[PDB]
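Asks: Structure incoming, see below.
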Amino acid sequence: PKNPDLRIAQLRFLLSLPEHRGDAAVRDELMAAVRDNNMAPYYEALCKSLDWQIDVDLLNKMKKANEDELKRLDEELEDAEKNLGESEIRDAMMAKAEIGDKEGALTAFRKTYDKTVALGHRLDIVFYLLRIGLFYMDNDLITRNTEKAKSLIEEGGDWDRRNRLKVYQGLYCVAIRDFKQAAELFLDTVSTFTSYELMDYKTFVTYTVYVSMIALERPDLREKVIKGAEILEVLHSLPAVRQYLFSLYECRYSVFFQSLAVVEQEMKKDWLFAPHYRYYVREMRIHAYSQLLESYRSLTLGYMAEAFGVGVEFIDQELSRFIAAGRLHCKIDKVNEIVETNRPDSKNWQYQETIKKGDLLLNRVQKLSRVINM
Amino acid sequence: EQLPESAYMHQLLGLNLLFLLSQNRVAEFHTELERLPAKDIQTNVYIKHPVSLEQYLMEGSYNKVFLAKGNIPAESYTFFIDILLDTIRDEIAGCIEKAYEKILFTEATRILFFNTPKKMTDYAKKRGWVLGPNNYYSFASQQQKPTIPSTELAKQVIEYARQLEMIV
Amino acid sequence: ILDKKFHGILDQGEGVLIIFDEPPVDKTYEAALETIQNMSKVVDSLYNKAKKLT
Amino acid sequence: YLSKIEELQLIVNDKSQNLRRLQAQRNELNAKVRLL
Amino acid sequence: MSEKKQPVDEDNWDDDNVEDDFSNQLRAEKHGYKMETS
Amino acid sequence: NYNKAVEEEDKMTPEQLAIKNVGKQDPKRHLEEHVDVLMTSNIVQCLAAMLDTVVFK
Amino acid sequence: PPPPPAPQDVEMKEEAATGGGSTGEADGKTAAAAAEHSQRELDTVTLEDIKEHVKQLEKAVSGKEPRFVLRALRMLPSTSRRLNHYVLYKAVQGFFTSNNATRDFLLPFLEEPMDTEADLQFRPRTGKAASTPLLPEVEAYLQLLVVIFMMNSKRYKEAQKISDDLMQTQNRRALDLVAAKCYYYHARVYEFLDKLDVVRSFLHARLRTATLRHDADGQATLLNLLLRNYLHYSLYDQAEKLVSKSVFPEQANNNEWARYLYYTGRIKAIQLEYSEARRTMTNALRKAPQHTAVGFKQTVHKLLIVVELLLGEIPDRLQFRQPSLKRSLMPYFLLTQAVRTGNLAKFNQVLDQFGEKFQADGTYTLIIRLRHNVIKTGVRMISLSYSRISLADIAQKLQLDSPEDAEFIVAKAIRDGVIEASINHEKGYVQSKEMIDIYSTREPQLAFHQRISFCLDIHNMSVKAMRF
């Protein structure tokens with residue numbers, strides 16, 4: 001049941017990334033605390049957001065409710081293992097202990113991993129470790145648990161749950177700058193309709209496109225977005241980035257820049273991207289310019305400055321620092337405003353890699369085969 | 001080393017350094033920057049002025065020469081700054097058209113100085129130069145026009161196959 | 001052109017398009033990729049070496 | 001000392017004679033494989 | 001070994017080298033405000 | 001042309017020389033029988049490269 | 001008294017190998033070097049440098065050095081009974097009372113293995129008897145009643161130079177192997193107090209005596225000593241390497257040569273060089289032996305890639321960064337950030353912020369050309385960028401304010417030879433070009449001679465290594 005707790009993770013990100021109205025973080029943390037016993041939101045807001053303007057006792061009462069809850073959980077721990085349970089005593093205690101403080105976590109994972117017995121004992125354990133990680137912007141939890149899973153969960157698994165583990169892997173692959181294996185693991189589209197792991201299938205589409213407009217080269221672009229009309233029956237609900245992708249074939253750079261600003265702000269205000277979203281947009285820029293110049297040579301940026309908006313000075317500094325970033329072999333001027341189609345690998349590079357590696361590894365093995373004697 | 005502090009210490013280093021700067025050395029400059037480094041940035045204008053002066057010389061200004069010559073006698077660095085004028089002018093003899101299109105009378109007047117002696121005329125009649133019509137060119141092609149890359153590398157193939165022979 | 005439907009260079013500075021494509025080089029592609037795989041194999045053998053050493 | 005050092009080091013260079021022992025092993029292997 | 005004088009002495013971390021390479025370009029509107037500049 | 005097609009199978013032998021712990025009988029000592037041929041090939045290539053400039057003038 | 005049995009065990013395991021085994025490996029052995037116990041003993045010296053050596057404290061005081069230095073005798077085949085003496089003296093530390101007989105009573109203890117009997121003939125036992133006691137004394141340099149005794153113990157090691165020079169036989173492939181280490185510790189203890197003055201002539205004549213008769217691991221190591229000597233102090237005798245470049249052994253210890261090329265890379269870095277210095281820094285970098293020694297590559301790498309910082313074509317260097325080096329590269333991280341930035345006020349404000357750590361570097365050569373490096377970074381970037389740029393665009397993009405110093409920049413860049421860029425001479429206004437269609441076919445196969453001739457060199461080297 002991590003979808004609402006994924007929304008709570010987004011609450012924590014709102015507490016983290018936007019410090020505009022810290023009461024809004026206090027707002028939804030108190031809203032998640034007044035019911036569902038969720039006190040961890042309340043300590044979380046106490047720390048980063050406001051210091052709980054009025055929640056000294058209004059949430060300490062529900063903290064005492066969580067205290068009685070945890071104490072009766074740990075009492076039924078012995079009341080039920082009094083009876084025989086096929087690791088199901090510890091299974092129930094780990095499930096119910098995955099609400100209040102990290103007390104619930106330490107009575108959750110210290111009582112499952114020791115007697116995790118079958119696929120489900122770790123199926124839910126790894127799903128909910130992914131959730132306890134995703135509440136913050138974690139990667140140790142949400143993939144170390146996948147390591148345990150590889151040791152524990154699947155072993156054949158389901159045609160349903162294993163696709164879910166793979167979609168977890170892809171969900172972090174888009175959370176991190178792993179701009180391909182997300183869409184690879186999000187290539188299912190027949191096994192992630194709706195789940196307690198899918199906070200929103202439309203948000204599934206968001207994470208998917210925010211890795212597919214990069215992983216999917218033009219053939220894979222049309223393969224998954226266009227051809228794969230399975231996601232289209234659902235991405236019919238978010239036409240902004242969809243039409244962006246539509247232009248992403250005809251290469252309409254004006255609307256490219258419109259939606260580029262749009263998605264830039266969007267990522268600026270979206271989870272698990274705050275300290276990294278910098279490249280994606282300028283990467284889209286350079287990649288599109290690549291094909292645009294690849295059209296032909298005797299062309300101008302000014303002829304494209306229209307598509308660039310008023311992009312003469314914009315792209316001046318832009319492509320200056322981009323070629324300075326060592327990108328996109330091409331030619332362009334100011335007094336001449338050139339465009340180019342160049343950089344064939346089978347000119348020298350397809351022959352330069354030869355020594356690039358047969359000297360790197362050559363001397364690697366050389367010194368490696370030097371200390372064999374000296 | 002525990003001697004009374006030397007009077008002309010500050011500018012004997014400067015005499016040596018400006019002589020070095022005149023004779024165009026490449027590493028004794030840096031062993032000079034290593035033997036006494038701590039008195040170079042804080043003080044010692046006889047050294048502090050030549051080292052940042054060298055930064056300005058290989059920064060791109062032969063006019064900081066004259067800005068500086070505003071005040072550098074410095075007890076008879078006059079001969080050495082005359083040799084510094086000489087290393088201005090023969091480095092102009094090199095760097096006047098290294099890979100330039102063409103200059104005219106006025107860029108001679110800017111980069112060179114002393115508007116027209118028989119010395120820039122001596123340049124035009126001493127380096128193998130065409131004094132064009134109020135105009136300059138290195139030559140008619142500037143590069144002496146820079147057709148068999150095959151047979152020398154065929155001899156290379158001879159000794160190359162030879163060295164691949166006698167070994168296994 | 002972007003989808004290999006056309007292979008060549010157009011023009012607006014001269015308004016004159018020119019077509020060209022001669023991709024296939026089995027020598028470079030084939031041999032170079034085989035050598036890449038050879039590099040991977042040598043990387044593999046490096047550990048046999050480092051093991052039998054110590 | 002004066003004229004007594006170099007040939008001792010020359011017998012030391014019979015590691016090249018040990019190289020001949022190695023090539024002897026080699027040609028042993030080869031001759032007997034050819035016998036096979 | 002270190003037998004010398006010297007004995008005297010991915011979330012964004014992966015994207016961090018590019019970030020310091022991004023530390024010189026409009027870190028993250030004037031892009032979009034340039035639309036109405038003309 | 002066939003060299004790029006032949007070496008890529010004997011090149012699978014180091015993948016089979018992945019016999020790390022204790023797994024290696026005869027090493028499939030067939031890594032040769034292509035090199036010498038390659039030798040001859042580019043040998044003659046260089047030969048003819050010579051003979052061109054040599055004979056032609 | 002239960003832990004000192006571990007030095008009791010490793011001490012006997014050391015001089016069993018060293019004394020008996022390398023004496024039998026000296027009697028008739030060493031065809032090239034059959035003294036494998038010499039490298040075994042240098043492994044155990046690294047093992048005593050990992051651990052405490054033998055008796056620094058070890059819950060007692062001064063047990064082994066008064067004990068085992070007695071009675072070697074090398075006689076009739078019951079000298080394993082003298083080894084039995086060595087073994088069964090070990091009831092003193094466990095059972096009896098320990099007493100202090102090191103660092104003061106060692107002065108006749110060193111003369112005991114000579115005054116017992118005419119023990120044997122070879123010097124590696126003498127180098128053993130003056131090294132294996134006295135190297136456990138050097139790494140405690142607390143400068144109070146311990147460093148004058150390192151001083152006198154290495155005066156006995158100067159007597160070991162005397163008995164290396166006049167000992168009657170290639171025992172230098174044990175004694176120079178130990179003497180590399182102990183002469184580094186000589187230089188250490190001599191320069192924990194002052195610069196060494198006549199130890200320079202000690203080192204000179206010690207290099208002289210190892211010239212041809214026994215030229216095995218002595219010349220290169222004493223030359224490392226001499227090089228770091230001329231490195232720590234004023235810089236006058238690098239012309240000695242420029243006139244007497246005899247620096248090419250078998251490059252035996254495989255890390256000695258690596259750090260040797262590092263030190264002479266610092267030399268050519270401080271003489272003047274970019275290219276050759278950065279390539280020997282690169283070769284020493286990739287010739288880092290392992291990372292089995294914690295954070296010792298790190299400070300020395302901070303001073304290694306100063307020349308790559310001086311290239312200007314370096315990104316942030318973060319893949320090397322030890323997290324314990326981070327609090328010391330708090331200047332150095334912002335310094336390579338100031339390499340990536342073209343700001344002038346930040347170029348001097350990093351200096352104004354971190355001049356003390358720049359003095360800890362102590363290399364003015366970086367800042368005397370790092371401004372010039374900033375303008376060369378600018379010219380490389382922008383001259384690789386545009387075909388026919390103007391000098392005014394780049395000039396008043398990098399705050400040059402006039403045409404004629406931009407002309408001197410472009411002129412000294414042609415003189416430094418990066419790009420073709422000329423001047424459409426009326427008032428400046430550069431007319432220029434890039435360079436593609438330069439050449440791409442016969443020019444690779446020029447360098448392919450060096451590629452495959454280098455490959456066949458390494459073929460024959462693997463052949464001569466297959467010989468072993």
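Here's how to read the names in the structure tokens: chain A, B, ... by the order shown, residue numbers from 1 in each chain, ligand numbers from 1 in the order shown.
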Show me, as a ChimeraX atom specification, the residues of chain B whose atoms get within 6 Å of chain G, using only C-alpha atoms for the distance check.
Replies: /B:27,35,60-61,100
Asks: Kindly save the residues from that selection, with C-alpha atoms included, as a compact mmCIF listing (two decimals), in the first residue's frame.
Replies:
# COMPACT_ATOMS: atom_id res chain seq x y z
CA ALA B 27 64.52 27.19 -17.11
CA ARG B 35 66.18 29.89 -5.12
CA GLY B 60 50.66 39.99 -24.75
CA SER B 61 52.02 43.53 -24.29
CA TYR B 100 49.56 36.96 -41.08
Asks: Write down as a CSV table (one decimal) with N, CA, C and O atoms, in the first residue's frame the residues of stretch 293-436 of chain G whose backbone DSSP state falls under alpha helix (DSSP H).
Replies:
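Contents of out39.csv, freshly written:
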chain,number,residue,atom,x,y,z
G,296,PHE,N,48.2,7.2,0.4
G,296,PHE,CA,49.5,7.7,0.1
G,296,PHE,C,49.7,8.1,-1.3
G,296,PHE,O,50.7,8.9,-1.6
G,297,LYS,N,48.9,7.7,-2.2
G,297,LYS,CA,48.9,8.2,-3.6
G,297,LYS,C,48.3,9.6,-3.6
G,297,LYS,O,48.5,10.4,-4.5
G,298,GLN,N,47.6,10.1,-2.5
G,298,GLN,CA,46.7,11.2,-2.6
G,298,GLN,C,47.3,12.5,-2.5
G,298,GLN,O,47.1,13.4,-3.4
G,299,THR,N,48.1,12.8,-1.5
G,299,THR,CA,48.8,14.1,-1.4
G,299,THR,C,49.8,14.2,-2.5
G,299,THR,O,50.0,15.3,-3.2
G,300,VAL,N,50.5,13.1,-2.8
G,300,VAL,CA,51.5,13.0,-3.9
G,300,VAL,C,50.9,13.2,-5.2
G,300,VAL,O,51.5,13.7,-6.2
G,301,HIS,N,49.6,12.8,-5.4
G,301,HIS,CA,48.8,13.0,-6.6
G,301,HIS,C,48.3,14.5,-6.7
G,301,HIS,O,48.3,15.0,-7.9
G,302,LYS,N,48.0,15.1,-5.6
G,302,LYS,CA,47.7,16.5,-5.6
G,302,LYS,C,48.9,17.3,-6.1
G,302,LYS,O,48.7,18.2,-6.9
G,306,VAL,N,49.5,18.9,-10.8
G,306,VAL,CA,49.7,20.4,-10.9
G,306,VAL,C,50.0,20.8,-12.3
G,306,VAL,O,49.5,21.8,-12.8
G,307,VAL,N,50.8,20.0,-13.1
G,307,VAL,CA,51.1,20.3,-14.5
G,307,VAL,C,49.9,20.1,-15.3
G,307,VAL,O,49.7,20.8,-16.4
G,308,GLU,N,49.0,19.2,-15.0
G,308,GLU,CA,47.8,19.0,-15.8
G,308,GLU,C,46.8,20.1,-15.5
G,308,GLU,O,46.0,20.5,-16.4
G,309,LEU,N,46.8,20.7,-14.3
G,309,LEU,CA,46.1,21.9,-14.0
G,309,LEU,C,46.7,23.0,-14.8
G,309,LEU,O,46.0,23.9,-15.4
G,326,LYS,N,39.6,15.3,1.4
G,326,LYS,CA,38.7,16.4,1.1
G,326,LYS,C,38.9,17.6,2.0
G,326,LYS,O,38.9,18.7,1.5
G,327,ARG,N,39.2,17.4,3.3
G,327,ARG,CA,39.4,18.5,4.2
G,327,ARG,C,40.8,19.1,3.9
G,327,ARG,O,41.0,20.3,4.4
G,328,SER,N,41.7,18.5,3.2
G,328,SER,CA,42.9,19.1,2.8
G,328,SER,C,42.9,19.7,1.3
G,328,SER,O,43.7,20.6,1.0
G,329,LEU,N,41.9,19.2,0.5
G,329,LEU,CA,41.7,19.8,-0.8
G,329,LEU,C,40.6,20.8,-0.9
G,329,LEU,O,40.2,21.1,-2.0
G,332,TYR,N,42.0,22.9,-2.9
G,332,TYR,CA,42.4,22.3,-4.2
G,332,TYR,C,41.2,22.0,-5.1
G,332,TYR,O,41.3,22.2,-6.3
G,333,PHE,N,40.1,21.7,-4.5
G,333,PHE,CA,38.8,21.6,-5.2
G,333,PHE,C,38.4,22.9,-5.8
G,333,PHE,O,38.0,23.0,-7.0
G,334,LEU,N,38.4,24.0,-5.0
G,334,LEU,CA,38.1,25.3,-5.6
G,334,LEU,C,39.2,25.8,-6.5
G,334,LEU,O,38.9,26.6,-7.4
G,335,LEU,N,40.4,25.2,-6.4
G,335,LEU,CA,41.5,25.6,-7.4
G,335,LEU,C,41.2,25.0,-8.8
G,335,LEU,O,41.3,25.7,-9.8
G,336,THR,N,40.8,23.7,-8.8
G,336,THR,CA,40.4,23.2,-10.1
G,336,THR,C,39.1,23.7,-10.6
G,336,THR,O,38.8,23.8,-11.8
G,337,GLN,N,38.3,24.2,-9.7
G,337,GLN,CA,37.1,25.0,-10.1
G,337,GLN,C,37.5,26.3,-10.7
G,337,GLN,O,36.9,26.8,-11.7
G,338,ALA,N,38.6,27.0,-10.1
G,338,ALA,CA,39.1,28.2,-10.7
G,338,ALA,C,39.8,27.9,-12.0
G,338,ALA,O,40.0,28.9,-12.8
G,339,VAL,N,40.2,26.7,-12.3
G,339,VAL,CA,40.7,26.3,-13.6
G,339,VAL,C,39.5,26.2,-14.6
G,339,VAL,O,39.6,26.7,-15.7
G,340,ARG,N,38.4,25.7,-14.2
G,340,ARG,CA,37.3,25.6,-15.1
G,340,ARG,C,36.6,26.9,-15.3
G,340,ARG,O,36.0,27.2,-16.3
G,344,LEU,N,38.6,36.4,-13.2
G,344,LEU,CA,39.9,37.0,-12.8
G,344,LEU,C,39.9,37.3,-11.3
G,344,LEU,O,40.9,37.0,-10.6
G,345,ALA,N,38.8,37.9,-10.8
G,345,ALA,CA,38.7,38.2,-9.3
G,345,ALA,C,38.7,36.9,-8.6
G,345,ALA,O,39.2,36.8,-7.5
G,346,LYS,N,38.1,35.8,-9.1
G,346,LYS,CA,38.1,34.5,-8.5
G,346,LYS,C,39.5,33.8,-8.7
G,346,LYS,O,40.0,33.1,-7.8
G,347,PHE,N,40.2,34.1,-9.8
G,347,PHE,CA,41.5,33.6,-10.0
G,347,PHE,C,42.5,34.1,-9.0
G,347,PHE,O,43.4,33.4,-8.6
G,348,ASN,N,42.3,35.4,-8.5
G,348,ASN,CA,43.2,35.9,-7.4
G,348,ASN,C,42.5,35.7,-6.1
G,348,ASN,O,43.2,35.9,-5.1
G,349,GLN,N,41.2,35.5,-6.0
G,349,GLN,CA,40.6,35.3,-4.7
G,349,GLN,C,40.8,33.9,-4.1
G,349,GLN,O,40.8,33.7,-2.9
G,350,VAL,N,40.9,32.9,-5.0
G,350,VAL,CA,41.4,31.6,-4.6
G,350,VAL,C,42.8,31.6,-4.0
G,350,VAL,O,43.1,31.0,-3.0
G,351,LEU,N,43.7,32.5,-4.6
G,351,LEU,CA,45.0,32.7,-4.1
G,351,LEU,C,44.9,33.5,-2.7
G,351,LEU,O,45.5,33.0,-1.8
G,352,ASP,N,44.1,34.5,-2.7
G,352,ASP,CA,43.9,35.3,-1.5
G,352,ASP,C,43.2,34.5,-0.4
G,352,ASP,O,43.2,34.8,0.8
G,353,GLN,N,42.5,33.4,-0.7
G,353,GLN,CA,41.9,32.5,0.2
G,353,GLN,C,42.7,31.3,0.6
G,353,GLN,O,42.6,30.8,1.8
G,354,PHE,N,43.7,30.9,-0.2
G,354,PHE,CA,44.4,29.6,0.1
G,354,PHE,C,45.9,29.7,-0.2
G,354,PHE,O,46.5,28.7,-0.6
G,355,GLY,N,46.5,30.9,0.0
G,355,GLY,CA,47.9,31.1,-0.2
G,355,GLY,C,48.8,30.3,0.7
G,355,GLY,O,49.9,29.9,0.4
G,356,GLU,N,48.2,29.9,1.9
G,356,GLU,CA,49.0,29.1,2.8
G,356,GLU,C,49.1,27.7,2.4
G,356,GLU,O,50.2,27.1,2.5
G,357,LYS,N,48.0,27.1,1.9
G,357,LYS,CA,48.1,25.8,1.3
G,357,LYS,C,48.8,25.8,0.0
G,357,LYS,O,49.5,24.8,-0.4
G,358,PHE,N,48.8,26.9,-0.7
G,358,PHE,CA,49.6,27.1,-1.9
G,358,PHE,C,51.1,27.1,-1.6
G,358,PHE,O,52.0,26.7,-2.4
G,359,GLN,N,51.5,27.6,-0.4
G,359,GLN,CA,52.8,27.5,0.2
G,359,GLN,C,53.1,26.1,0.7
G,359,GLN,O,54.3,25.7,0.7
G,360,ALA,N,52.1,25.4,1.2
G,360,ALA,CA,52.3,24.0,1.5
G,360,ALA,C,52.6,23.2,0.2
G,360,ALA,O,53.4,22.2,0.3
G,361,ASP,N,52.0,23.5,-0.9
G,361,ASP,CA,52.6,23.1,-2.2
G,361,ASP,C,54.0,23.7,-2.4
G,361,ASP,O,54.9,23.0,-2.6
G,365,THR,N,55.6,28.3,-9.7
G,365,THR,CA,55.5,27.9,-11.1
G,365,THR,C,54.0,27.8,-11.5
G,365,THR,O,53.7,28.1,-12.7
G,366,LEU,N,53.2,27.3,-10.6
G,366,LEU,CA,51.8,27.2,-11.1
G,366,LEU,C,51.1,28.6,-11.2
G,366,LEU,O,50.5,28.8,-12.3
G,367,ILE,N,51.3,29.5,-10.3
G,367,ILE,CA,50.6,30.7,-10.4
G,367,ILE,C,51.3,31.7,-11.3
G,367,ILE,O,50.7,32.7,-11.7
G,368,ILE,N,52.6,31.5,-11.6
G,368,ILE,CA,53.3,32.4,-12.5
G,368,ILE,C,52.9,32.1,-13.9
G,368,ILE,O,53.2,33.0,-14.8
G,369,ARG,N,52.2,31.0,-14.2
G,369,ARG,CA,51.7,30.7,-15.5
G,369,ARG,C,50.2,30.4,-15.6
G,369,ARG,O,49.7,30.0,-16.6
G,370,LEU,N,49.5,30.5,-14.4
G,370,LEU,CA,48.2,30.0,-14.4
G,370,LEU,C,47.2,31.0,-15.0
G,370,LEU,O,46.2,30.7,-15.6
G,371,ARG,N,47.5,32.3,-14.9
G,371,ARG,CA,46.8,33.4,-15.6
G,371,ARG,C,47.0,33.2,-17.1
G,371,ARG,O,46.0,33.3,-17.9
G,372,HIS,N,48.2,33.0,-17.6
G,372,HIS,CA,48.5,32.6,-19.0
G,372,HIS,C,47.8,31.4,-19.4
G,372,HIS,O,47.3,31.2,-20.5
G,373,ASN,N,47.6,30.4,-18.4
G,373,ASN,CA,46.8,29.2,-18.7
G,373,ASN,C,45.4,29.5,-18.9
G,373,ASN,O,44.7,28.9,-19.7
G,374,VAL,N,44.8,30.5,-18.1
G,374,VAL,CA,43.4,30.9,-18.3
G,374,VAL,C,43.2,31.5,-19.7
G,374,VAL,O,42.2,31.2,-20.4
G,375,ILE,N,44.2,32.4,-20.1
G,375,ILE,CA,44.0,33.0,-21.4
G,375,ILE,C,44.2,31.9,-22.5
G,375,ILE,O,43.6,32.0,-23.6
G,376,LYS,N,45.1,30.9,-22.3
G,376,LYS,CA,45.2,29.9,-23.3
G,376,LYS,C,44.0,28.9,-23.3
G,376,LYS,O,43.7,28.4,-24.4
G,377,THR,N,43.4,28.7,-22.2
G,377,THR,CA,42.1,28.0,-22.2
G,377,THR,C,41.1,28.7,-23.0
G,377,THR,O,40.4,28.1,-23.8
G,378,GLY,N,41.0,30.0,-22.8
G,378,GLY,CA,40.1,30.8,-23.6
G,378,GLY,C,40.4,30.7,-25.1
G,378,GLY,O,39.5,30.6,-25.9
G,379,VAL,N,41.7,30.8,-25.4
G,379,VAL,CA,42.0,30.8,-26.9
G,379,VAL,C,41.8,29.4,-27.5
G,379,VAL,O,41.4,29.3,-28.6
G,380,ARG,N,42.1,28.3,-26.7
G,380,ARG,CA,41.9,27.0,-27.2
G,380,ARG,C,40.4,26.7,-27.5
G,380,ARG,O,40.0,26.3,-28.6
G,381,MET,N,39.5,27.1,-26.5
G,381,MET,CA,38.1,26.9,-26.6
G,381,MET,C,37.5,27.7,-27.8
G,381,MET,O,36.9,27.2,-28.7
G,382,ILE,N,37.8,29.0,-27.8
G,382,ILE,CA,37.1,29.9,-28.7
G,382,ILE,C,37.7,29.8,-30.1
G,382,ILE,O,37.0,29.9,-31.1
G,383,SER,N,39.0,29.4,-30.2
G,383,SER,CA,39.7,29.2,-31.5
G,383,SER,C,39.4,27.9,-32.1
G,383,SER,O,39.5,27.7,-33.3
G,384,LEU,N,39.0,26.9,-31.2
G,384,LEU,CA,38.4,25.7,-31.8
G,384,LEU,C,37.0,25.9,-32.1
G,384,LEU,O,36.4,25.1,-32.9
G,385,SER,N,36.3,26.9,-31.5
G,385,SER,CA,34.9,27.1,-31.7
G,385,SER,C,34.6,27.7,-33.1
G,385,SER,O,33.9,27.1,-33.9
G,391,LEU,N,38.8,39.4,-33.1
G,391,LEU,CA,39.5,39.6,-31.9
G,391,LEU,C,38.8,40.5,-30.9
G,391,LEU,O,39.1,40.3,-29.7
G,392,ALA,N,37.9,41.3,-31.4
G,392,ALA,CA,37.1,42.2,-30.5
G,392,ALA,C,36.1,41.3,-29.7
G,392,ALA,O,35.8,41.6,-28.5
G,393,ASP,N,35.5,40.4,-30.4
G,393,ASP,CA,34.5,39.5,-29.7
G,393,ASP,C,35.0,38.7,-28.6
G,393,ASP,O,34.6,38.9,-27.4
G,394,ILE,N,36.1,38.0,-28.8
G,394,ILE,CA,36.8,37.3,-27.7
G,394,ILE,C,37.5,38.2,-26.7
G,394,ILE,O,37.5,37.9,-25.5
G,395,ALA,N,38.0,39.3,-27.2
G,395,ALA,CA,38.7,40.3,-26.4
G,395,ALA,C,37.8,40.9,-25.3
G,395,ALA,O,37.9,40.7,-24.1
G,403,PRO,N,42.3,46.6,-28.9
G,403,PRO,CA,42.6,45.7,-30.0
G,403,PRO,C,44.1,45.2,-29.9
G,403,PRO,O,44.3,44.0,-30.3
G,404,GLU,N,45.0,46.0,-29.5
G,404,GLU,CA,46.4,45.7,-29.7
G,404,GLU,C,46.9,44.6,-28.7
G,404,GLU,O,47.8,43.8,-29.1
G,405,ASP,N,46.4,44.6,-27.5
G,405,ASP,CA,46.8,43.4,-26.7
G,405,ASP,C,46.1,42.2,-27.1
G,405,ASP,O,46.7,41.1,-26.9
G,406,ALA,N,44.9,42.2,-27.7
G,406,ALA,CA,44.3,41.1,-28.3
G,406,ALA,C,45.1,40.6,-29.5
G,406,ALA,O,45.2,39.4,-29.8
G,407,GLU,N,45.8,41.6,-30.2
G,407,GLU,CA,46.7,41.3,-31.3
G,407,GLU,C,47.9,40.6,-30.8
G,407,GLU,O,48.4,39.6,-31.4
G,408,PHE,N,48.5,41.0,-29.6
G,408,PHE,CA,49.6,40.4,-29.0
G,408,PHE,C,49.2,39.0,-28.5
G,408,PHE,O,50.0,38.1,-28.5
G,409,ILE,N,48.0,38.8,-28.0
G,409,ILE,CA,47.5,37.5,-27.6
G,409,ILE,C,47.4,36.5,-28.8
G,409,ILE,O,47.9,35.4,-28.7
G,410,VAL,N,46.8,37.0,-29.9
G,410,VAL,CA,46.7,36.2,-31.1
G,410,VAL,C,48.0,35.9,-31.7
G,410,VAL,O,48.3,34.8,-32.2
G,411,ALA,N,48.9,36.9,-31.6
G,411,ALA,CA,50.3,36.7,-32.2
G,411,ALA,C,51.1,35.7,-31.4
G,411,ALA,O,51.8,34.9,-31.9
G,412,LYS,N,51.1,35.8,-30.0
G,412,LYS,CA,51.8,34.9,-29.2
G,412,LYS,C,51.1,33.5,-29.2
G,412,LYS,O,51.7,32.5,-28.7
G,413,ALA,N,49.8,33.4,-29.6
G,413,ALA,CA,49.2,32.2,-29.8
G,413,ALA,C,49.5,31.5,-31.1
G,413,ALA,O,49.6,30.3,-31.2
G,414,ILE,N,49.8,32.3,-32.2
G,414,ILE,CA,50.4,31.8,-33.4
G,414,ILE,C,51.8,31.3,-33.1
G,414,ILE,O,52.3,30.3,-33.6
G,415,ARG,N,52.6,32.1,-32.3
G,415,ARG,CA,53.9,31.8,-31.9
G,415,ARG,C,53.9,30.5,-31.0
G,415,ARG,O,54.8,29.7,-31.1
Asks: Which chain G residues are at most 10 Å from chain A (counting only C-alpha atoms), as a ChimeraX atom specification?
Replies: /G:250-255,286-287,289,380-382,384-390,393,434,436,440-441,444,448,451-452,454-455,458-459,461-462,465-466,468
Asks: What residues in chain A lie within 7 Å of chain E, counting only C-alpha atoms, written as a compact mmCIF listing (two decimals) with N, CA, C and O atoms, in the first residue's frame?
Replies:
# COMPACT_ATOMS: atom_id res chain seq x y z
N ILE A 176 17.44 7.78 -10.80
CA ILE A 176 18.84 8.09 -11.03
C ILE A 176 19.02 8.42 -12.51
O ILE A 176 18.11 8.20 -13.31
N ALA A 261 11.14 24.57 -21.55
CA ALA A 261 10.93 25.38 -20.36
C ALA A 261 9.92 24.71 -19.44
O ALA A 261 10.13 24.61 -18.23
N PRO A 275 18.74 17.56 -6.99
CA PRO A 275 20.16 17.88 -7.19
C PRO A 275 20.75 17.34 -8.48
O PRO A 275 21.97 17.34 -8.62
N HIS A 276 19.93 16.86 -9.43
CA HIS A 276 20.52 16.29 -10.64
C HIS A 276 19.88 16.69 -11.96
O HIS A 276 20.52 16.49 -12.99
N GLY A 309 13.52 30.57 -31.27
CA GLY A 309 12.88 31.74 -30.70
C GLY A 309 13.53 33.00 -31.23
O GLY A 309 13.24 33.44 -32.34
N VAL A 310 14.40 33.60 -30.42
CA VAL A 310 15.28 34.66 -30.87
C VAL A 310 16.70 34.16 -30.69
O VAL A 310 17.62 34.92 -30.39
